[PDB]
């Protein structure tokens, strides 16, 4: 679970990097489709599975919007992301395992972009947070 220290650590980092939420998302999903191409299947309803693509830039925008939402809901992710869970569930049906993959891509991007801010401390708390988020997105799967 997220401790006060964890909630504090995530909030501070997100107040510091939140300005670039749009770039972080595009870069993260691009990385995902390049480094873990199997994730392309979920987007195969488009002949456009490529980094920095309009469809790629867009989802990423929506992904980081969900992450800023989760920060705002950090005290109860499960409730905070019911809607988000429902979409990827009954609709898209994304294997919950890809959330972990995206999370790793998200940490790499933030690492590349905010090396001073991404201390190990902000890392452990952010990593704890994204697993919380992952487990939150899975709530309506089964």
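Under this definition, the rigid core comprises the largest set of C-alpha atoms superposing within 1.5 Å between the forms. Residue numbers count along the first chain shown, from 1.
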Give, as the answer, the stretch of 52-60 and 34-42 that departs more from the shown form in 6 other deposited structures of this protein; the measure is RMS Cα distance after a core fit. 52-60
Between 61-69 and 43-51, which one strays more from this form in 6 other deposited structures of this protein if you match the rigid core and compare Cα atoms? 43-51
Per the PDB entry, mean CA B-factor is higher for 90-98 or 62-70, namely for 90-98
Regarding 106-114 and 80-88, which shows the higher C-alpha temperature factor on average in the entry? 80-88
So where's residue 127 on the chain's Cα temperature factor ranking, which third? lowest
What third of the chain does residue 75 rank in for C-alpha temperature factor, lowest, middle or highest? lowest
Pull the Cα B-factor of residue 41 out of the PDB entry and bin it into the chain's lowest, middle or highest third. middle
Temperature factor at the Cα of residue 20, chain-ranked in thirds, falls in the highest
Modelled-residue ranking by C-alpha temperature factor, third containing residue 28: middle
